[PDB]
Each structure stands twice: as structure tokens, then as C-alpha cells.
Amino acid sequence: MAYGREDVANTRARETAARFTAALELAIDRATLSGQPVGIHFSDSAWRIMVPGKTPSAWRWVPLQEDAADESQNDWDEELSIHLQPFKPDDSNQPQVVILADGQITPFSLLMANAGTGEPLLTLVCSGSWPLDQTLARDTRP
């Protein structure tokens, strides 16, 4: 059984994954320049890339919107709700994902659900390095 209202959200999920993959390429390109690993905050209703501040020599964080203002966050969709693991969608003082200058990525999985029905359309999976692996609903993500 299904709501019969998934095709628009499934298209927006596939788009949101392409937009995220480009934003994660941006994060890898920024990490070699920043002198500290880059990260990505996640909170379901929004997300954003993040960078060091005051010093590169110690763990610190600032939202990456010095020019990516409202392009780093929320604008990528009009049909989705976002979830992840082993971290959680939460308004933390730090990012929920982290990226090295070499393109190594902290393991996680990120899932997308249709905001009109609650049904999953797509999931993305990370196992140590760029890029994430896309799947329909949860087909590769137990």
C-alpha cells in the first residue's frame, strides 16, 4: 500500500541528492584551503556546510554562509523531510558530518522522506570516502 503521491517528491529527492553531492564536492575543495576538516550540520528542516574560525590549529566551527548565503541551506527542495544516522538531525554547536582535505568522509547514512505522505523515496550511504552511494528508498541501507 502507498499514498500514490510520491513521483514529485522522488524527483525532488534525486535532485536534492545531486545538489548535496555538489555541496559535498564544495566541502572537500574547501577543506584543503581551510586548514581543518570541513563539516555539514543537519536538522531535518535545514542543513549547512561549516568551517573553522579564529584559528585552523584547534577544533572550532562557523556556518559556511560568507557568500553561500541561502545556497548552503534549505533551498534544494520543496517536498522532503531529512533524517540521518549514527548522528541525529539536531541544532548542535557542531556539524553532524565531517570531511577531510584528502576527500575521506566520516561514515554515516542520510535518508529522505516525502513531506506530503511520510514515505521514504531515497537514501544516501557513506563508508569512508567521496562520494556517497545513492539508493531507492532503503534498498542498500538496512
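Thresholds, definitions, all that
- Residues numbered from 1 in each chain as written, not as in the entry; some residues may be left out.
- Heavy atoms only, no water.
- Buried < 20%, exposed > 50% of the residue type's maximum accessible area, 1.4 Å probe, protein only.
- Helix = DSSP H or I, 4+ residues; strand = E, 2+ residues; numbered from the N terminus.
- Pairing = 2+ DSSP bridges.
- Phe/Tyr/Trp six-rings, centres within 6.5 Å; stacked < 30°, edge-to-face > 60°.
- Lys, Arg positive; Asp, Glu negative; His and termini not counted.
- Salt bridge = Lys/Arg side-chain N within 4 Å of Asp/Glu carboxyl O.
- Polar contact = N/O pair within 3.5 Å; in protein donor to acceptor, adjacent residues only side chain to side chain.
- Contact = heavy atoms within 4.5 Å.

Its PDB header names solution NMR as the technique used to obtain the model.

Here we look at the pairing of strand β2 (residues 47-51)
Taken across its 5 residues, β2 has 5 buried, putting it largely inside the fold. Burial along β2 is two-sided: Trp47, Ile49 and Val51 facing one way and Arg48 and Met50 facing the other are all buried. From the end of strand β1 (residues 38-42) to the start of β2, which pair antiparallel, there are 4 residues, and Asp44 there has a positive phi angle of about 65°. Looking at chain direction, β2 and strand β3 (residues 62-63) are connected through 2 bridges and run antiparallel. Each bridged residue has a counterpart across the sheet, and for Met50 the counterpart in β3 is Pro63.

Structural notes on the packing of aromatic side chains
Using the criterion set out here, one finds 4 aromatic pairs in the structure. With centroids separated by 5.0 Å and ring planes inclined at 45°, the aromatic side chains of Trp47 and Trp76 adopt a geometry described as tilted. One end of the pair, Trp47, is in strand β2; the other, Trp76, is in the loop between β3 and β4 (80-85), and 29 residues separate them in sequence. Here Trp76 falls in the buried class, since its relative accessible area comes to 8%. Taking the centre distance of 5.2 Å and the plane angle of 85° together, the rings of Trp59 and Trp61 count as edge-to-face. On the accessibility criterion, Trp59 (56% relative accessible area) is exposed. On the accessibility criterion, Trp61 (11% relative accessible area) is buried. Members of the aromatic cluster, connected to one another through ring pairs, are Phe20, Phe42, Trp47 and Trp76.

A look at the side chain of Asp77
Structurally, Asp77 can be placed in the loop between β3 and β4. With no salt bridge to any partner, buried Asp77 finds its closest opposite charge in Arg12, at an N-O distance of 7.2 Å. One polar contact links the side chain of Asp77 to the main-chain amide nitrogen of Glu79, over a distance of 2.9 Å. Residues contacting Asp77, with those up to four places away along its chain left out, are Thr16 and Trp47.

Examining unusual backbone geometry
In the segment running from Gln85 into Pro86, the intervening peptide bond is cis, with an omega of 0°. Following the sequence through the fold, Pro86 ends up in the loop between β4 and β5 (97-99). With an omega of -10°, the peptide bond running from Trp130 to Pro131 counts as cis. Along the chain, the position of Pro131 falls in the loop between β7 (120-125) and β8 (133-136). Although it is not a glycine, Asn74 sits at a positive phi angle of roughly 45°. Locating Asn74 in the fold gives a position in the loop between β3 and β4. You can call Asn74 partly exposed: its relative accessible area is 41%. With a phi angle near 40°, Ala137 is a residue other than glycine that sits in the positive phi range.

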